[PDB]
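This is final.txt. It holds compact mmCIF, C-alpha atoms and all ligand atoms.
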# COMPACT_ATOMS: atom_id res chain seq x y z
CA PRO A 1 168.50 90.10 107.13
CA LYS A 2 167.58 86.99 105.17
CA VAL A 3 164.00 87.04 103.87
CA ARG A 4 163.23 83.87 101.88
CA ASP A 5 167.00 83.23 101.76
CA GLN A 6 167.65 86.65 100.18
CA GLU A 7 169.78 89.46 101.61
CA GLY A 8 169.23 91.79 98.66
CA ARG A 9 166.12 93.89 98.10
CA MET A 10 164.02 94.46 94.98
CA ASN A 11 161.88 97.61 94.82
CA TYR A 12 159.09 97.42 92.24
CA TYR A 13 157.57 100.43 90.49
CA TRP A 14 154.65 101.12 88.17
CA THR A 15 153.18 103.92 86.06
CA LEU A 16 150.39 104.54 83.55
CA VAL A 17 151.10 105.55 79.94
CA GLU A 18 148.41 107.54 78.16
CA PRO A 19 147.73 107.07 74.43
CA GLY A 20 150.20 108.92 72.25
CA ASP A 21 152.99 108.76 74.84
CA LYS A 22 156.45 107.20 75.00
CA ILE A 23 158.17 105.54 77.97
CA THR A 24 161.97 105.47 77.98
CA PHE A 25 164.22 103.17 80.02
CA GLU A 26 167.88 103.97 80.70
CA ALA A 27 170.29 102.07 82.93
CA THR A 28 173.86 100.82 83.13
CA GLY A 29 172.78 97.99 85.43
CA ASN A 30 170.52 96.96 88.31
CA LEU A 31 167.41 97.12 86.10
CA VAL A 32 164.60 94.57 85.76
CA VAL A 33 163.19 95.23 82.29
CA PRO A 34 159.49 94.60 81.57
CA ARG A 35 158.40 91.70 79.38
CA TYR A 36 154.59 91.86 79.37
CA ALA A 37 152.46 95.01 79.50
CA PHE A 38 148.73 95.48 80.04
CA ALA A 39 146.45 97.83 78.09
CA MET A 40 143.48 98.72 80.28
CA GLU A 41 140.66 101.18 80.92
CA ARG A 42 139.93 101.77 84.59
CA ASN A 43 136.34 101.55 85.79
CA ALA A 44 135.49 104.25 88.31
CA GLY A 45 134.94 102.87 91.80
CA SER A 46 134.76 99.23 92.96
CA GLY A 47 136.95 97.63 95.62
CA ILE A 48 138.61 94.41 96.78
CA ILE A 49 136.88 91.67 98.79
CA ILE A 50 139.03 89.61 101.17
CA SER A 51 137.11 86.47 102.16
CA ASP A 52 137.12 82.69 101.78
CA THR A 53 133.62 82.57 100.29
CA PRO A 54 133.54 80.67 96.96
CA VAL A 55 132.39 82.26 93.71
CA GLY B 1 94.34 103.40 122.16
CA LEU B 2 94.68 107.10 121.37
CA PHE B 3 91.09 107.39 120.11
CA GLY B 4 89.69 104.88 122.61
CA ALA B 5 88.04 102.63 120.00
CA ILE B 6 90.47 99.74 119.54
CA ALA B 7 90.89 98.05 122.94
CA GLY B 8 88.61 100.83 124.22
CA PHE B 9 84.82 100.91 123.97
CA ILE B 10 85.12 98.09 121.41
CA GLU B 11 86.77 95.60 123.74
CA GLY B 12 87.91 92.95 121.26
CA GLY B 13 88.32 92.16 117.59
CA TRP B 14 86.48 89.70 115.37
CA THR B 15 88.15 86.61 113.94
CA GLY B 16 84.93 85.85 112.05
CA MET B 17 85.66 88.84 109.80
CA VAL B 18 88.49 87.79 107.48
CA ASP B 19 87.73 89.83 104.33
CA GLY B 20 88.81 93.18 105.79
CA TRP B 21 90.28 95.18 108.64
CA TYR B 22 87.13 97.02 109.76
CA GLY B 23 83.53 95.96 109.32
CA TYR B 24 80.24 94.89 110.87
CA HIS B 25 78.39 92.07 112.60
CA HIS B 26 74.68 92.16 111.79
CA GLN B 27 71.73 90.34 113.32
CA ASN B 28 68.13 90.09 112.12
CA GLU B 29 65.45 87.50 111.43
CA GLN B 30 67.23 86.52 108.19
CA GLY B 31 70.24 85.43 110.25
CA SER B 32 73.54 86.86 111.39
CA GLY B 33 77.09 87.09 110.13
CA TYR B 34 80.22 89.18 109.65
CA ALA B 35 80.94 91.64 106.84
CA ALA B 36 83.77 94.09 106.18
CA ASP B 37 83.29 97.75 105.26
CA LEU B 38 84.86 97.96 101.81
CA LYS B 39 85.17 101.76 101.76
CA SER B 40 87.00 102.22 105.07
CA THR B 41 89.16 99.11 104.68
CA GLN B 42 90.53 100.02 101.24
CA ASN B 43 91.22 103.62 102.28
CA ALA B 44 93.30 102.34 105.20
CA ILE B 45 95.21 99.82 103.07
CA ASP B 46 96.20 102.57 100.62
CA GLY B 47 97.58 104.74 103.42
CA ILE B 48 99.59 101.90 104.94
CA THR B 49 100.96 100.85 101.54
CA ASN B 50 101.92 104.47 100.82
CA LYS B 51 103.53 104.54 104.27
CA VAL B 52 105.60 101.44 103.51
CA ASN B 53 106.45 102.67 100.00
CA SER B 54 107.48 106.08 101.35
CA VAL B 55 109.96 104.55 103.79
CA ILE B 56 111.54 102.34 101.11
CA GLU B 57 111.33 104.33 97.86
CA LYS B 58 112.73 107.56 99.33
CA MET B 59 115.95 105.61 100.02
CA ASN B 60 117.80 105.79 96.69
CA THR B 61 121.47 104.81 96.50
CA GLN B 62 124.20 104.47 93.87
CA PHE B 63 127.14 102.19 93.13
CA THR B 64 129.77 102.51 95.85
CA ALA B 65 132.64 100.43 97.27
CA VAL B 66 133.01 100.88 101.03
CA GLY B 67 136.31 98.99 101.21
CA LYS B 68 139.48 101.04 101.66
CA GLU B 69 142.99 99.62 102.02
CA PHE B 70 145.78 101.32 103.97
CA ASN B 71 149.29 100.38 105.07
CA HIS B 72 150.86 100.35 108.54
CA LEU B 73 152.10 103.95 108.22
CA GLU B 74 148.63 105.33 107.33
CA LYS B 75 147.00 104.82 110.73
CA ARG B 76 145.53 108.32 111.01
CA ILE B 77 143.62 108.24 107.72
CA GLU B 78 142.72 104.62 108.51
CA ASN B 79 141.32 105.85 111.83
CA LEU B 80 139.67 108.69 109.91
CA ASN B 81 138.18 106.15 107.50
CA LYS B 82 136.96 104.03 110.43
CA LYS B 83 135.54 107.13 112.12
CA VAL B 84 133.49 107.81 108.98
CA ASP B 85 132.11 104.26 108.85
CA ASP B 86 131.29 104.10 112.56
CA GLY B 87 129.62 107.51 112.52
CA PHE B 88 127.38 106.47 109.64
CA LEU B 89 126.56 103.21 111.45
CA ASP B 90 125.43 105.02 114.61
CA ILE B 91 123.41 107.64 112.70
CA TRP B 92 121.58 105.12 110.52
CA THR B 93 120.91 102.70 113.39
CA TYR B 94 119.43 105.39 115.64
CA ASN B 95 117.24 106.84 112.88
CA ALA B 96 116.07 103.40 111.72
CA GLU B 97 115.20 102.24 115.25
CA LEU B 98 113.35 105.46 116.08
CA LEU B 99 111.58 105.57 112.70
CA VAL B 100 110.07 102.12 113.27
CA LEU B 101 109.26 102.93 116.90
CA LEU B 102 107.44 106.16 116.05
CA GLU B 103 105.74 104.93 112.87
CA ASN B 104 104.52 101.74 114.57
CA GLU B 105 102.80 103.95 117.15
CA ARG B 106 101.30 106.06 114.35
CA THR B 107 100.04 103.00 112.46
CA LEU B 108 98.19 101.58 115.47
CA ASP B 109 96.53 104.94 116.15
CA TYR B 110 95.62 105.17 112.46
CA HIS B 111 93.63 101.94 112.79
CA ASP B 112 92.12 103.32 116.00
CA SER B 113 90.95 106.47 114.22
CA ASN B 114 89.42 104.51 111.34
CA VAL B 115 87.44 102.26 113.70
CA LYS B 116 86.19 105.30 115.61
CA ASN B 117 85.20 107.12 112.41
CA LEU B 118 83.27 104.11 111.12
CA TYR B 119 81.26 103.89 114.35
CA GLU B 120 80.46 107.61 114.22
CA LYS B 121 79.47 107.40 110.55
CA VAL B 122 76.91 104.72 111.44
CA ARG B 123 75.83 106.75 114.49
CA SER B 124 75.14 109.83 112.36
CA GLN B 125 73.08 107.74 109.93
CA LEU B 126 70.83 106.13 112.55
CA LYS B 127 70.42 109.06 115.01
CA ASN B 128 67.69 108.21 117.57
CA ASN B 129 66.30 105.30 115.52
CA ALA B 130 68.91 103.14 117.30
CA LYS B 131 70.13 102.80 120.88
CA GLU B 132 73.82 102.72 121.77
CA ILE B 133 74.42 99.63 123.91
CA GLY B 134 78.21 99.70 124.14
CA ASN B 135 80.82 97.49 122.49
CA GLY B 136 80.28 99.53 119.32
CA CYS B 137 76.80 98.05 118.94
CA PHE B 138 73.43 99.49 117.93
CA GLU B 139 69.94 98.13 118.62
CA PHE B 140 67.26 99.04 116.09
CA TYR B 141 63.84 100.12 117.35
CA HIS B 142 62.36 98.98 114.01
CA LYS B 143 62.67 95.82 111.95
CA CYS B 144 65.62 95.90 109.55
CA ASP B 145 65.81 93.31 106.76
CA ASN B 146 68.81 92.44 104.58
CA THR B 147 68.10 95.37 102.26
CA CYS B 148 67.95 97.70 105.27
CA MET B 149 71.16 96.19 106.67
CA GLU B 150 73.41 96.65 103.64
CA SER B 151 71.81 100.07 103.10
CA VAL B 152 73.76 101.08 106.20
CA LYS B 153 76.82 99.40 104.67
CA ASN B 154 76.02 101.19 101.40
CA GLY B 155 75.70 104.45 103.31
CA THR B 156 72.09 105.07 102.21
CA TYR B 157 69.95 104.58 105.32
CA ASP B 158 66.57 106.34 105.24
CA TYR B 159 65.96 107.91 108.65
CA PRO B 160 62.55 109.50 107.82
CA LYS B 161 61.33 106.22 106.31
CA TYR B 162 61.43 104.43 109.68
CA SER B 163 61.36 107.58 111.84
CA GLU B 164 57.72 107.17 112.88
CA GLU B 165 58.00 103.38 113.15
CA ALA B 166 60.99 103.69 115.49
CA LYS B 167 59.56 106.62 117.45
CA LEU B 168 56.47 104.62 118.41
CA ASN B 169 58.69 101.74 119.55
CA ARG B 170 61.00 104.15 121.39
CA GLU B 171 58.32 105.35 123.83
CA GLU B 172 57.07 101.85 124.73
CA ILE B 173 60.30 100.05 125.66
CA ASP B 174 61.00 102.77 128.26
CA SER B 175 57.65 102.11 130.00
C1 LIG C 1 72.10 98.76 99.19
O1 LIG C 1 71.92 97.52 99.82
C2 LIG C 1 70.68 96.89 99.44
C3 LIG C 1 70.71 95.50 100.04
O2 LIG C 1 70.41 94.52 99.07
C4 LIG C 1 70.46 96.83 97.91
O3 LIG C 1 69.08 96.59 97.67
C5 LIG C 1 70.90 98.09 97.17
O4 LIG C 1 71.02 97.83 95.78
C6 LIG C 1 72.23 98.56 97.72
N1 LIG C 1 72.70 99.75 97.03
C7 LIG C 1 73.80 99.75 96.28
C8 LIG C 1 74.52 98.43 96.17
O5 LIG C 1 74.21 100.75 95.70

Re-express the file's structure as structure tokens.
Amino acid sequence: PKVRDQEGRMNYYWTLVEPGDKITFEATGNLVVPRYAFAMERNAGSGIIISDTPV
Amino acid sequence: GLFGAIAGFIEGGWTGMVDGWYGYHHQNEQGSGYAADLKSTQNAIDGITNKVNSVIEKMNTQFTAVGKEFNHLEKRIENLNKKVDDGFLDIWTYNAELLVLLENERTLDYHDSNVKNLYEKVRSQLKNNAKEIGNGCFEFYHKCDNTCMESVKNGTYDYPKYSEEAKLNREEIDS
């Protein structure tokens, strides 16, 4: 059924790559290749606040 | 009052005494006025401050994010997460309400005990040289100047010094 005028679906995926590791992509089609990647260090804890209060 | 001093045999408090919690009202030929007992007042302030500090400082926490996000197919753990939050809310609320209720009762009795002790300390110093007349008041059978007055506040009243002066006056007031 049409969702935002689309009848096809796009399933997104993610993973974390540790230092000294390689990620390999292989496809004959139906692949959305990455363009930008983020290097990050997670901070333990913290959450997400959902409110209209300004910052 | 538990000890019967505050709102007991001392019917009311003094607004003329502003320098302390417990103290004295004296009267002699040199005049009259209000004074606060430094020793008993400071020892009660320290206990109350320790009481307030104990309630607050013993509560030590760490960094923590309460917020948890779940989808529409994770209702059970979402209900489990809500059950954890609600259970903590009920436990903390009941303890906090009862802690204030019980400690407020203890604090008022603590002031009652201190007032009673101060009266008895003065009573032990004067012995039969003074007559109890209620309202936490003493009447001296001998003249007591400013030096004699604060000597009771000091805690250094000389019973034998005025023992014979007061004894002679004791047997004449009562016919
Ligand atoms: C006790 O009070 C009297 C009142 O002036 C004073 O003479 C004496 O020095 C006092 N004792 C003290 C302050 O240790």

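Every protein or nucleic acid residue with an atom no more than 9 Å from residue 64 of chain B, counting all atoms listed in the file and leaving out same-chain residues fewer than 5 positions away, appears here: residues 45, 46 and 47 of chain A.
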
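In this structure, atom CA of residue 116 of chain B sits 19.2 Å away from atom CA of residue 157 of chain B.
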
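Nearest to chain A of all the residues B:98, B:148, B:130, B:66 is B:66, counting all atoms listed in the file.
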
Legend entry - For segment 50-58 of chain B: contacts at 12 Å, only C-alpha atoms, fewer than 5 positions along chain excluded, given as number ranges by chain: B: 43-45, 95-96, 99-100, 103-104, 106-107, 110

Write a file of the selected residues as a PDB file, in the coordinates of the input, keeping C-alpha atoms.
ATOM      1  CA  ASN B  43      91.220 103.620 102.280  1.00  0.00           C
ATOM      2  CA  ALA B  44      93.300 102.340 105.200  1.00  0.00           C
ATOM      3  CA  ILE B  45      95.210  99.820 103.070  1.00  0.00           C
ATOM      4  CA  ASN B  95     117.240 106.840 112.880  1.00  0.00           C
ATOM      5  CA  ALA B  96     116.070 103.400 111.720  1.00  0.00           C
ATOM      6  CA  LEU B  99     111.580 105.570 112.700  1.00  0.00           C
ATOM      7  CA  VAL B 100     110.070 102.120 113.270  1.00  0.00           C
ATOM      8  CA  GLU B 103     105.740 104.930 112.870  1.00  0.00           C
ATOM      9  CA  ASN B 104     104.520 101.740 114.570  1.00  0.00           C
ATOM     10  CA  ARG B 106     101.300 106.060 114.350  1.00  0.00           C
ATOM     11  CA  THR B 107     100.040 103.000 112.460  1.00  0.00           C
ATOM     12  CA  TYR B 110      95.620 105.170 112.460  1.00  0.00           C
TER      13      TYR B 110
END

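Among the candidates A:8, A:13, A:38, A:44, the one nearest to chain B when counting only C-alpha atoms is A:44.
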
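Every protein or nucleic acid residue with an atom no more than 9 Å from residue 114 of chain B, counting only C-alpha atoms and leaving out same-chain residues fewer than 4 positions away, appears here: residues 5, 22, 40, 41, 44, 109, 110, 118 and 119 of chain B.
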